[PDB]
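Encoded as structure tokens, the structure appears first; notes follow it.
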Amino acid sequence: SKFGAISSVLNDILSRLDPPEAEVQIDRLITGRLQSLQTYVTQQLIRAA
Amino acid sequence: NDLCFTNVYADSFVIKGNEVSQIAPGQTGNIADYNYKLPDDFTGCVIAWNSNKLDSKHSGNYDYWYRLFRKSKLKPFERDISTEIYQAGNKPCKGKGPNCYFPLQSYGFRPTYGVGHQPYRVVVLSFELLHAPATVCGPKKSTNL
Amino acid sequence: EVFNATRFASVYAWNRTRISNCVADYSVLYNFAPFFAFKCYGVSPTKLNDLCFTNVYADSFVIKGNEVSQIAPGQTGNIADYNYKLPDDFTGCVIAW
Amino acid sequence: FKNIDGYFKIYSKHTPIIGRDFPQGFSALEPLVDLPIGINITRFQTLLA
Ligand SMILES: *[C@@H]1O[C@H](CO)[C@@H](O)[C@H](O)[C@H]1NC(C)=O
Ligand SMILES: *[C@@H]1O[C@H](CO)[C@@H](O)[C@H](O)[C@H]1NC(C)=O
Ligand SMILES: *[C@@H]1O[C@H](CO)[C@@H](O)[C@H](O)[C@H]1NC(C)=O
């Protein structure tokens with residue numbers, strides 16, 4: 001999921017855009033992927049309980 | 001004028017019109033890559049004002065210089081002052097002419113150029129807003145602890 | 001075929017070749033002419049083999065020596081005014097040999 | 001000595017340790033001067049008496 005950025009591949013965004021502009025897109029990717037991981041961890045917690 | 005800076009660095013130079021757009025944190029172009037490079041985490045001010053009254057005269061003026069030919073990139077806030085002819089092909093050639101280019105060309109300026117070609121006097125200021133004993137301030141105020 | 005031509009047109013009638021559907025390797029350009037003026041404005045002579053472009057125009061004309069320095073964006077002269085004027089916003093390179 | 005972003009840093013601690021060679025007991029290092037050189041360093045050399 002592109003999460004609202006240009007592309008979904010980190011090595012693509014890094015190799016295609018400069019650091020200080022690709023920073024916004026990689027921040028968006030961090031905020032999306034980490035939220036997904038958080039949701040997964042919470043569901044795992046409920047199932048484990 | 002309401003802050004404290006540990007050390008202030010004032011660089012100075014003369015450049016053309018589009019180069020003012022070029023000069024910025026982490027930009028592209030021969031001026032930003034072989035002539036002057038700012039750090040990505042730059043904390044400071046850039047100042048540019050058109051100056052065609054001192055950097056221009058009748059019959060032209062070619063005293064200024066700028067580098068287009070350098071083997072690698074510039075690291076932030078480095079010099080590199082040197083006159084070494086760029087290597088082309090595989091020749092160890094040392095001189096002017098074919099496949100042996102002078103590293104820097106003239107930045108000649110005249111009173112009659114376009115706006116993008118008009119002498120744009122650019123000075124930059126570097127600041128260090130870190131936790132250290134500062135030196136420079138503005139209006140100073142003091143109350144009893 | 002643009003640099004192995006034998007009848008490079010004059011400046012008053014500058015041949016313009018539209019280059020399309022090809023891979024732009026610049027080593028065939030480097031080995032074909034011992035250049036004397038390979039100045040670029042929008043890109044770098046070195047930084048060109050790793051760039052993609054939509055369309056490429058190769059204008060070829062034989063001209064005098066000082067006219068080589070005349071040919072540049074934001075210039076003047078009997079060639080830059082009446083024969084061939086380079087736009088100030090030019091993204092390309094010139095080659096003189 | 002270090003030269004990150006210029007700002008030459010000199011750390012030191014003077015003490016008549018056991019004196020055989022480099023000790024084994026832990027010792028800290030107190031910075032003495034921190035001065036912004038802002039130049040290019042590649043090679044290092046020492047002077048004598
Ligand atoms: C034309 O092509 C031939 C064959 O590769 C080459 O030997 C010659 O140098 C070329 N001449 C020019 C002017 O490009
Ligand atoms: C441009 O080059 C082509 C190559 O085939 C030639 O036929 C044409 O006449 C040339 N034009 C001029 C103005 O020389
Ligand atoms: C420091 O000097 C060395 C030797 O001249 C050079 O290779 C290196 O690029 C320099 N580093 C700079 C100027 O950032």
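Residues in the structure tokens are numbered from 1 in each chain, the chains being A, B, ... in the order shown, and ligands are numbered from 1 in the order shown.
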What does the list of residues within 9 Å of ligand 1 look like if you count only C-alpha atoms and all ligand atoms, written as number ranges by chain?
C: 1-6, 28-29, 31-33
Taking only C-alpha atoms and all ligand atoms into account, list the residues no farther than 7 Å from ligand 2, as a ChimeraX atom specification.
/C:8-9,13-15
Would you put the residues from that selection into a file with N, CA and C atoms, as a PDB file, in the first residue's frame?
```pdb
ATOM      1  N   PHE C   8      27.446  19.285 -43.126  1.00  0.00           N
ATOM      2  CA  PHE C   8      26.819  20.045 -42.050  1.00  0.00           C
ATOM      3  C   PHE C   8      26.333  21.393 -42.559  1.00  0.00           C
ATOM      4  N   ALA C   9      25.023  21.596 -42.440  1.00  0.00           N
ATOM      5  CA  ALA C   9      24.358  22.786 -43.006  1.00  0.00           C
ATOM      6  C   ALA C   9      24.942  24.052 -42.373  1.00  0.00           C
ATOM      7  N   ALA C  13      20.663  28.278 -42.158  1.00  0.00           N
ATOM      8  CA  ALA C  13      19.703  27.186 -42.327  1.00  0.00           C
ATOM      9  C   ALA C  13      20.231  26.006 -41.517  1.00  0.00           C
ATOM     10  N   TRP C  14      19.924  25.997 -40.222  1.00  0.00           N
ATOM     11  CA  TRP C  14      20.444  24.972 -39.327  1.00  0.00           C
ATOM     12  C   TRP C  14      19.570  23.730 -39.413  1.00  0.00           C
ATOM     13  N   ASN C  15      20.180  22.632 -39.862  1.00  0.00           N
ATOM     14  CA  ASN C  15      19.474  21.329 -39.893  1.00  0.00           C
ATOM     15  C   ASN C  15      19.089  20.951 -38.465  1.00  0.00           C
TER      16      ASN C  15
END
```
I need the residue nearest chain D from this list: B:95, B:103, B:133, B:116. Use only C-alpha atoms for the distance.
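Using only C-alpha atoms, the shortest distance to chain D belongs to B:133.
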Would you mind listing the residues within 8 Å of ligand 3, counting only C-alpha atoms and all ligand atoms, as a count of residues only?
10
Could you work out which residues of chain B fall inside 12 Å of chain A? Count only C-alpha atoms, and format the result as a PyMOL selection string.
chain B and resi 24-28+39-42
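Taking atom CA of residue B:49 and atom CA of residue B:20 as the two end points, the separation is 9.6 Å.
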With only C-alpha atoms as the counted atoms, please give the residues lying no more than 9 Å from residue B:18, apart from itself and same-chain residues fewer than 3 positions off, as number ranges by chain.
B: 15, 21-23, 115-117
Out of chain B, which residues get strand (DSSP E or B) from DSSP, as a PyMOL selection string?
chain B and resi 5+9-15+44-50+61+65-67+86-87+97+100-101+104-106+109+120-126+136
Contacts of residue C:58 at 7 Å (only C-alpha atoms; same-chain gap of 6+ positions) as a PyMOL selection string:
chain C and resi 16-18
Show me a table, sorted first by chain and then by increasing residue number, of the residues of chain D having an atom at most 9 Å from chain B, each with its shortest atom pair and the distance in Å to one decimal, counting only C-alpha atoms and written as a Markdown table.
```
| residue | atom | partner | partner_atom | distance |
| --- | --- | --- | --- | --- |
| D:5 | CA | B:76 | CA | 8.8 |
| D:36 | CA | B:7 | CA | 8.7 |
| D:38 | CA | B:77 | CA | 7.6 |
| D:39 | CA | B:78 | CA | 6.9 |
| D:40 | CA | B:78 | CA | 7.4 |
```
In Å and to one decimal, atom CA of residue C:38 is distant from atom CA of residue C:97 by 9.0 Å
Which chain C residues are at most 12 Å from chain B (counting only C-alpha atoms), as number ranges by chain?
C: 27, 30-31, 33-47, 72-76, 87-89, 96-97
Check the smallest atom-to-atom distance from each of C:55, C:49, C:78, C:91 to residue C:11 using only C-alpha atoms, then report the winner.
C:78
For residue A:4, which residue out of A:26, A:34, A:46, A:41 is the nearest one, using only C-alpha atoms?
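Nearest to residue A:4: A:26.
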